[PDB]
Amino acid sequence: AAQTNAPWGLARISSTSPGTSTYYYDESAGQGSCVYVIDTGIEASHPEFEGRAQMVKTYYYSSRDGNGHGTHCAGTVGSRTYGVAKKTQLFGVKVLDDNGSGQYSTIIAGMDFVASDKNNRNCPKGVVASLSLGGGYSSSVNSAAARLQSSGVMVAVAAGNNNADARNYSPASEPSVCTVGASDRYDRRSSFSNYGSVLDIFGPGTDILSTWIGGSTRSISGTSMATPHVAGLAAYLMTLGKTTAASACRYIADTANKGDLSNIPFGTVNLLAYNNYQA
(Lines give C-alpha, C1' and ligand atoms only; values in the text may rest on other atoms or scores of the structure.)
Protein backbone atom coordinates (compact mmCIF):
# COMPACT_ATOMS: atom_id res chain seq x y z
CA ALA A 1 0.00 0.00 0.00
CA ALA A 2 1.12 3.58 -0.69
CA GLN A 3 0.18 6.72 1.26
CA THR A 4 1.08 9.79 -0.77
CA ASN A 5 2.10 13.07 0.88
CA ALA A 6 2.81 11.24 4.13
CA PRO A 7 4.68 12.83 7.04
CA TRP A 8 8.41 12.64 6.38
CA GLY A 9 8.98 10.15 9.20
CA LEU A 10 6.54 7.61 7.79
CA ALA A 11 8.16 7.94 4.37
CA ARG A 12 11.56 7.57 6.02
CA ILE A 13 10.74 4.28 7.74
CA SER A 14 9.83 2.63 4.42
CA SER A 15 12.74 4.08 2.43
CA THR A 16 16.40 3.38 1.80
CA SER A 17 16.86 7.15 1.24
CA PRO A 18 15.85 10.41 2.91
CA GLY A 19 13.94 13.03 0.97
CA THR A 20 10.82 11.16 -0.15
CA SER A 21 7.20 11.71 0.83
CA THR A 22 5.28 8.45 0.24
CA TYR A 23 4.87 5.77 2.93
CA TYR A 24 4.84 2.16 1.69
CA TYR A 25 3.59 -0.66 3.89
CA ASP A 26 1.87 -4.03 3.86
CA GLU A 27 -1.92 -3.65 3.98
CA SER A 28 -2.12 -5.86 7.10
CA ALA A 29 -1.13 -2.62 8.86
CA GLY A 30 -0.78 -4.09 12.37
CA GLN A 31 -4.27 -5.65 12.37
CA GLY A 32 -4.65 -7.92 15.39
CA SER A 33 -1.84 -6.27 17.37
CA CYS A 34 -2.21 -3.86 20.28
CA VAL A 35 -0.10 -0.90 21.37
CA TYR A 36 -0.33 0.62 24.84
CA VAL A 37 0.57 4.32 24.92
CA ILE A 38 1.71 5.06 28.47
CA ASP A 39 1.54 8.83 28.60
CA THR A 40 -0.84 11.79 29.21
CA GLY A 41 -3.80 9.89 27.70
CA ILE A 42 -5.30 9.68 24.21
CA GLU A 43 -8.13 11.75 22.72
CA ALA A 44 -9.87 8.61 21.50
CA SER A 45 -12.66 10.63 19.84
CA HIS A 46 -10.22 12.07 17.29
CA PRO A 47 -11.46 11.03 13.82
CA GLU A 48 -7.89 9.99 12.98
CA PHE A 49 -8.20 6.99 15.35
CA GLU A 50 -11.34 5.61 13.65
CA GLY A 51 -12.64 4.08 16.89
CA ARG A 52 -9.46 1.99 17.32
CA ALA A 53 -8.25 3.96 20.38
CA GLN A 54 -9.58 3.72 23.92
CA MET A 55 -8.49 4.75 27.40
CA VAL A 56 -8.03 1.75 29.70
CA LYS A 57 -6.52 3.31 32.84
CA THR A 58 -5.89 6.63 34.54
CA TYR A 59 -4.34 7.56 37.89
CA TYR A 60 -5.90 11.06 37.86
CA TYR A 61 -9.36 12.66 37.99
CA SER A 62 -9.87 12.11 34.26
CA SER A 63 -8.64 9.78 31.55
CA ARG A 64 -8.79 12.64 29.04
CA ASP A 65 -5.58 13.92 27.48
CA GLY A 66 -5.56 17.52 28.67
CA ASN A 67 -2.02 17.97 27.32
CA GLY A 68 -1.73 16.62 23.76
CA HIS A 69 1.56 14.74 24.14
CA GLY A 70 -0.05 11.30 24.49
CA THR A 71 -2.47 11.95 21.63
CA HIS A 72 0.45 12.95 19.40
CA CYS A 73 2.42 9.81 20.26
CA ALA A 74 -0.64 7.59 19.79
CA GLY A 75 -1.18 9.22 16.40
CA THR A 76 2.33 8.27 15.29
CA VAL A 77 1.73 4.67 16.41
CA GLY A 78 -1.59 4.13 14.71
CA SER A 79 -3.62 7.03 13.33
CA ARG A 80 -4.98 6.68 9.80
CA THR A 81 -2.89 9.54 8.36
CA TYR A 82 -0.03 9.97 10.81
CA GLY A 83 0.50 6.40 12.01
CA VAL A 84 2.90 3.58 11.24
CA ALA A 85 0.47 0.71 12.04
CA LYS A 86 -2.82 2.00 10.72
CA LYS A 87 -4.97 -0.94 11.86
CA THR A 88 -3.55 -1.59 15.35
CA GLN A 89 -5.62 -1.25 18.51
CA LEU A 90 -4.47 1.60 20.77
CA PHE A 91 -4.83 1.49 24.56
CA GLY A 92 -4.18 4.62 26.61
CA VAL A 93 -2.71 4.46 30.12
CA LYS A 94 -2.62 7.92 31.72
CA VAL A 95 0.40 7.95 34.04
CA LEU A 96 1.25 11.59 33.25
CA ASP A 97 -0.87 14.52 34.38
CA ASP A 98 -2.10 17.26 32.06
CA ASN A 99 1.13 19.20 32.65
CA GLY A 100 3.06 16.21 31.27
CA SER A 101 4.52 15.13 34.62
CA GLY A 102 4.17 11.96 36.64
CA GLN A 103 5.58 10.45 39.80
CA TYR A 104 7.82 7.44 39.27
CA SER A 105 5.57 5.36 41.54
CA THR A 106 2.58 6.05 39.26
CA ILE A 107 4.63 5.28 36.13
CA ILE A 108 5.73 1.96 37.68
CA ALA A 109 2.13 1.10 38.57
CA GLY A 110 1.16 1.85 34.97
CA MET A 111 3.79 -0.55 33.60
CA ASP A 112 2.68 -3.34 35.93
CA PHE A 113 -0.90 -2.56 34.91
CA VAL A 114 -0.08 -3.15 31.23
CA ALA A 115 1.66 -6.46 31.99
CA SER A 116 -1.56 -7.73 33.56
CA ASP A 117 -4.11 -5.83 31.44
CA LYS A 118 -2.95 -7.44 28.20
CA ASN A 119 -4.56 -10.63 29.52
CA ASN A 120 -7.89 -8.78 29.33
CA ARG A 121 -7.42 -7.74 25.68
CA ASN A 122 -7.51 -9.47 22.30
CA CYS A 123 -4.07 -9.08 20.70
CA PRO A 124 -3.48 -12.30 18.74
CA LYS A 125 -0.55 -10.79 16.83
CA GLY A 126 1.17 -9.42 19.92
CA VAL A 127 1.45 -6.53 22.34
CA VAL A 128 3.66 -3.42 22.33
CA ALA A 129 4.08 -0.62 24.88
CA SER A 130 5.31 2.85 23.92
CA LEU A 131 6.87 4.92 26.73
CA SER A 132 7.58 8.48 25.56
CA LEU A 133 8.64 9.55 29.05
CA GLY A 134 11.54 9.38 31.46
CA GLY A 135 13.59 11.05 34.14
CA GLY A 136 16.78 10.47 36.08
CA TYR A 137 18.27 7.04 36.69
CA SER A 138 16.08 4.80 38.84
CA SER A 139 16.67 1.09 39.35
CA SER A 140 13.00 0.64 40.24
CA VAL A 141 11.79 2.32 37.05
CA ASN A 142 14.21 0.22 34.99
CA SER A 143 13.06 -2.94 36.76
CA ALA A 144 9.41 -2.14 36.02
CA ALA A 145 10.23 -1.76 32.32
CA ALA A 146 12.21 -5.01 32.44
CA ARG A 147 9.23 -6.82 33.98
CA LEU A 148 6.87 -5.49 31.34
CA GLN A 149 9.22 -6.72 28.60
CA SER A 150 9.70 -10.08 30.35
CA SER A 151 5.91 -10.49 30.50
CA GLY A 152 5.77 -10.65 26.69
CA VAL A 153 5.32 -6.99 25.69
CA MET A 154 7.62 -5.28 23.20
CA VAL A 155 8.67 -2.23 25.25
CA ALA A 156 9.93 0.84 23.38
CA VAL A 157 11.20 3.78 25.44
CA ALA A 158 12.46 7.26 24.62
CA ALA A 159 16.20 7.81 24.97
CA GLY A 160 15.62 11.34 26.27
CA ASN A 161 16.24 14.91 25.07
CA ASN A 162 19.36 15.90 27.03
CA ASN A 163 21.96 15.58 24.22
CA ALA A 164 23.80 13.31 26.66
CA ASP A 165 24.48 9.66 27.39
CA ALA A 166 21.21 7.88 28.14
CA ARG A 167 22.96 5.81 30.86
CA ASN A 168 21.83 8.43 33.41
CA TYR A 169 18.11 8.26 32.56
CA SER A 170 15.26 5.80 33.17
CA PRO A 171 13.70 3.78 31.66
CA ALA A 172 16.12 4.67 28.80
CA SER A 173 19.01 2.92 30.55
CA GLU A 174 17.23 -0.43 31.06
CA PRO A 175 19.16 -2.90 28.86
CA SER A 176 16.30 -5.29 28.08
CA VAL A 177 13.88 -2.77 26.49
CA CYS A 178 14.20 -0.96 23.14
CA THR A 179 15.76 2.47 23.70
CA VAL A 180 14.97 4.86 20.84
CA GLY A 181 16.94 7.92 19.75
CA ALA A 182 15.76 10.62 17.34
CA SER A 183 16.83 11.66 13.84
CA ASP A 184 15.83 14.48 11.49
CA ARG A 185 14.68 14.61 7.87
CA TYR A 186 18.28 14.98 6.64
CA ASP A 187 19.42 11.82 8.47
CA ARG A 188 21.23 13.79 11.18
CA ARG A 189 21.00 12.83 14.83
CA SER A 190 18.39 15.16 16.27
CA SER A 191 20.18 17.97 18.08
CA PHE A 192 18.56 17.07 21.43
CA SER A 193 18.72 13.29 21.14
CA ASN A 194 20.48 11.33 23.84
CA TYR A 195 23.01 8.71 22.71
CA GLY A 196 25.27 6.05 24.19
CA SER A 197 25.76 2.30 24.32
CA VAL A 198 22.23 1.69 25.66
CA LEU A 199 20.53 2.99 22.49
CA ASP A 200 19.16 0.24 20.26
CA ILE A 201 17.73 2.18 17.32
CA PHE A 202 16.92 5.65 15.96
CA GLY A 203 13.62 6.80 14.55
CA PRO A 204 12.25 10.05 13.10
CA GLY A 205 11.96 12.62 15.87
CA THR A 206 12.42 16.19 14.55
CA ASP A 207 9.33 18.02 13.20
CA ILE A 208 6.88 15.10 13.40
CA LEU A 209 3.30 15.84 12.34
CA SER A 210 0.64 13.91 14.25
CA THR A 211 -2.71 14.19 16.01
CA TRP A 212 -3.34 16.73 18.76
CA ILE A 213 -6.17 17.41 21.19
CA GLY A 214 -9.24 19.30 20.08
CA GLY A 215 -9.39 17.13 16.98
CA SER A 216 -6.35 18.94 15.61
CA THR A 217 -2.81 18.21 14.36
CA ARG A 218 0.60 19.66 15.06
CA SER A 219 4.28 19.04 14.47
CA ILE A 220 6.59 18.69 17.49
CA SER A 221 10.04 17.24 18.15
CA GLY A 222 11.56 14.81 20.62
CA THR A 223 12.67 11.30 21.31
CA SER A 224 9.03 11.03 22.42
CA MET A 225 8.16 11.24 18.71
CA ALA A 226 10.76 8.67 17.59
CA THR A 227 9.62 6.08 20.14
CA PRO A 228 6.09 5.57 18.69
CA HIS A 229 7.55 5.13 15.20
CA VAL A 230 9.45 2.12 16.57
CA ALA A 231 6.48 0.89 18.63
CA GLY A 232 4.22 1.07 15.59
CA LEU A 233 6.87 -0.62 13.45
CA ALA A 234 7.11 -3.46 15.98
CA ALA A 235 3.32 -3.95 15.94
CA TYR A 236 3.36 -3.94 12.13
CA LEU A 237 6.18 -6.50 11.96
CA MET A 238 4.54 -8.75 14.58
CA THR A 239 1.29 -8.75 12.59
CA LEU A 240 3.33 -9.81 9.55
CA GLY A 241 4.79 -12.70 11.54
CA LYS A 242 8.34 -11.48 10.96
CA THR A 243 9.24 -11.13 14.65
CA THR A 244 7.92 -11.54 18.20
CA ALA A 245 7.68 -9.26 21.22
CA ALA A 246 10.80 -10.76 22.81
CA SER A 247 12.94 -10.26 19.70
CA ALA A 248 11.38 -7.29 17.88
CA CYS A 249 13.96 -4.74 19.06
CA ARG A 250 16.83 -6.94 17.89
CA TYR A 251 15.00 -7.71 14.62
CA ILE A 252 14.44 -4.00 13.98
CA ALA A 253 18.14 -3.40 14.61
CA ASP A 254 19.07 -6.34 12.33
CA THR A 255 16.95 -4.97 9.48
CA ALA A 256 17.60 -1.25 10.02
CA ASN A 257 19.19 1.15 7.58
CA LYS A 258 22.82 1.03 8.74
CA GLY A 259 25.45 3.76 8.77
CA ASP A 260 23.23 6.40 7.17
CA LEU A 261 22.94 8.85 10.08
CA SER A 262 25.34 11.71 10.75
CA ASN A 263 26.68 13.02 14.07
CA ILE A 264 26.28 9.67 15.83
CA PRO A 265 29.00 9.61 18.53
CA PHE A 266 31.54 6.80 18.56
CA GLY A 267 30.04 3.86 20.47
CA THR A 268 26.38 4.57 19.66
CA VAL A 269 24.61 2.42 17.07
CA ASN A 270 24.09 3.97 13.63
CA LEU A 271 20.78 2.26 12.87
CA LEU A 272 17.58 3.85 11.55
CA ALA A 273 14.26 1.99 11.83
CA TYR A 274 13.17 0.54 8.49
CA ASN A 275 10.24 -1.70 7.53
CA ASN A 276 11.95 -3.34 4.50
CA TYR A 277 8.59 -3.37 2.75
CA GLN A 278 8.99 -4.30 -0.91
CA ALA A 279 5.96 -2.95 -2.77
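**A look at the overall build of the protein chain**
Point 1. Secondary structure summary: the protein chain contains six helices and 15 strands in total.
Point 2. Viewed in the frame of its principal axes, the protein chain has a C-alpha envelope of about 45 × 40 × 35 Å.
Point 3. Of the contacts formed within the protein chain by residues at least 6 apart in sequence, a portion of 72% connects residues at least 24 apart.

**As for the pairing of strand β10 (residues 178-183)**
Point 1. In terms of residue burial, β10 counts as a mostly covered element, since six of its six residues are buried.
Point 2. By the alternation rule, side chains of β10 split into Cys178, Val180 and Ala182 and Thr179, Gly181 and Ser183, which are all buried.
Point 3. Note that β10 and strand β11 (residues 201-204) share four bridges and pair parallel. By the bridge assignment, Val180 is partnered in β11 with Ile201.

**Quick look at the UniProt feature "binding site: Ca(2+) 2" in the protein chain**
Point 1. As recorded in UniProt, the feature "binding site: Ca(2+) 2" lies at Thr16 and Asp260. Their sequence span is 245 residues, while the largest C-alpha to C-alpha distance among them is just 9.2 Å; these annotated residues converge on one region.
Point 2. Mapped onto the secondary structure, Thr16 falls in the loop between α1 (8-13) and β2 (23-24).
Point 3. Look at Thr16 and you get exposed, because its relative accessible area is 53%.

**Topic: helix α2 (residues 69-78)**
Point 1. In terms of residue burial, α2 counts as a mostly covered element, since ten of its ten residues are buried.
Point 2. Buried within α2 are the following residues: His69, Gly70, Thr71, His72, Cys73, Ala74, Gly75, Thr76, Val77 and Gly78.
Point 3. Taken together, the buried residues of α2 touch β3 (33-39), β5 (89-94), β6 (126-131), β12 (208-212), β13 (216-220) and α5 (223-239).

**A closer look at the side chain of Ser183**
Point 1. Its location among the elements puts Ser183 in strand β10.
Point 2. Taking the relative accessible area as the measure of exposure, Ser183 reaches 0% and is therefore buried.
Point 3. If we skip the residues at most four places from it in the chain, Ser183 touches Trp8, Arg188, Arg189, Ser190, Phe202, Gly203, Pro204, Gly205, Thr206, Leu261 and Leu272.

**Looking at the packing of α2 against α5**
Point 1. Following both chains from N to C, one finds α2 and α5 inclined at 35°, their axes separated by 7 Å at the closest point. For the pair α2 and α5, the crossing hand works out as right-handed. For the pair α2 and α5, the contacting residues are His69, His72, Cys73, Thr76 and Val77 in the first and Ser224, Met225, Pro228, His229, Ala231 and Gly232 in the second.
Point 2. Classifying every residue of the contact of α2 with α5 gives five nonpolar, six polar and no charged.

**Description of the state of the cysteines**
Simply put, the disulfide is a covalent bond whose two ends are the sulfur atoms of two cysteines.
Point 1. Taken as a whole and judged by the stated rule, the model has two disulfides.
Point 2. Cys34 shares a disulfide with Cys123; S-S distance 2.0 Å. Given an S-S torsion of about -95°, the disulfide between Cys34 and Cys123 has left-handed geometry. Pair noted here: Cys34 is in strand β3 and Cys123 is in the loop between α3 (104-117) and β6, with a separation of 89 residues, a long-range link. In this structure, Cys34 and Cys123 share a single accessibility class: buried.

**Details of the nonpolar core**
Point 1. One finds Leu90, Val128, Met154, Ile201, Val230 and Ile252 to be the most contacted residues of the largest nonpolar core, which totals 45 residues.
Point 2. Only α1, β3, α2, β8 (154-158), β10, α5 and α6 (248-254) provide two or more residues apiece to this core.
Point 3. Here this core gets ten residues from one element, more than from any other, and that element is α5.
Point 4. By size, the runner-up hydrophobic cluster in this structure holds 26 residues, among which are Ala115, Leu131, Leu133 and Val155.

Conventions used here
Residues numbered from 1 in each chain as written, not as in the entry; some residues may be left out. Heavy atoms only, no water. Residues with missing side-chain atoms left out of burial classes, pairs and counts. Helix = DSSP H or I, 4+ residues; strand = E, 2+ residues; numbered from the N terminus. Contact = heavy atoms within 4.5 Å. Buried < 20%, exposed > 50% of the residue type's maximum accessible area, 1.4 Å probe, protein only. Pairing = 2+ DSSP bridges. UniProt positions renumbered as here; feature names shortened; annotations may be inferred. Axes fitted to C-alpha atoms, helices over the stretch in contact; angles between N-to-C directions. Left-handed = near helix turned anticlockwise from the far one by under 90°. Nonpolar A, V, L, I, M, F, W, Y, C, P; charged D, E, K, R; others polar. Disulfide = S-S within 2.5 Å. Core = buried A, V, L, I, M, F, W, Y, C linked by side-chain atoms within 4.5 Å.

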